[PDB]
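From first to last, the protein sequence lines are chains A and B. Read left to right, the first sequence gives residues 116 to 122 (the UniProt record's numbering). Read left to right, the second sequence gives residues 216 to 316 (the UniProt record's numbering).
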Amino acid sequence: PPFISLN
Amino acid sequence: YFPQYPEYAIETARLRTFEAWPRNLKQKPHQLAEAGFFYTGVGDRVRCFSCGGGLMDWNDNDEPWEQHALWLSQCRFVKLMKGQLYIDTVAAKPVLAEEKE
Ligand SMILES: [Zn+2]
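Put into structure tokens, the structure is as follows:
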């Protein structure tokens, strides 16, 4: 489960 | 409608997850959690409750609801609370991309 960075 | 983390339909229960959440960061646990997030416990990584969209790397100016519309445009959660119009204007800015040229 990856992370969709915001910045 | 069908939440990704049904145990979060309650924000109060999402609030409870921001303890290890570096209090130093501009993004307060009240906001994040309210924007449908909950801290995953590592760094600044918080996930959405109704789309499970993950979001890390936050900057002083990054606003929860905001970012929650910029990268997770399809959240049945955001699209129901703040509306589509809100999601539009979020995306339609880019009004700056047609100014740069
Ligand atoms: Zn979401």
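Note that beta-carbon positions come from the ideal geometry of N, C-alpha and C, so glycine has one too.
Cutting at 7 Å between CB atoms, please list the residues of its own chain near residue i, excluding the five before and the five after it.
i, result
"B:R238", "none"
"residue 317 of chain B", "An answer regarding residue 317 of chain B cannot be provided, because it is not within the stretch 216 to 316 covered by chain B."
Does residue i get closer than 8 Å to chain A when you measure Cβ to Cβ?
i, result
"B:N274", "yes"
"B:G269", "yes"
"B:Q282", "yes"
"B:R229", "no"
"B:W236", "no"
"B:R260", "yes"
Could you give the C-beta distance for residue i and residue j, rounded to a whole number, given that I count them as a contact under 8 Å?
i, j, result
"B:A235", "B:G256", "5 Å"
May I ask you to report which of helix, strand or coil DSSP gives residue i?
i, result
"B:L287", "coil"
"B:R238", "coil"
"B:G298", "helix"
"B:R231", "coil"
Grab me the residues of residue i's own chain with a C-beta within less than 6 Å of its C-beta, minus the 5 sequence neighbours each way, in chain order.
i, result
"B:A284", "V293, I302 and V305"
"B:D275", "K241"
"B:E314", "none"
On the CB-based measure, 16 or more other CB atoms within 10 Å of its CB, does residue i come out buried or exposed?
i, result
"B:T227", "exposed"
"B:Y223", "buried"
"B:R291", "exposed"
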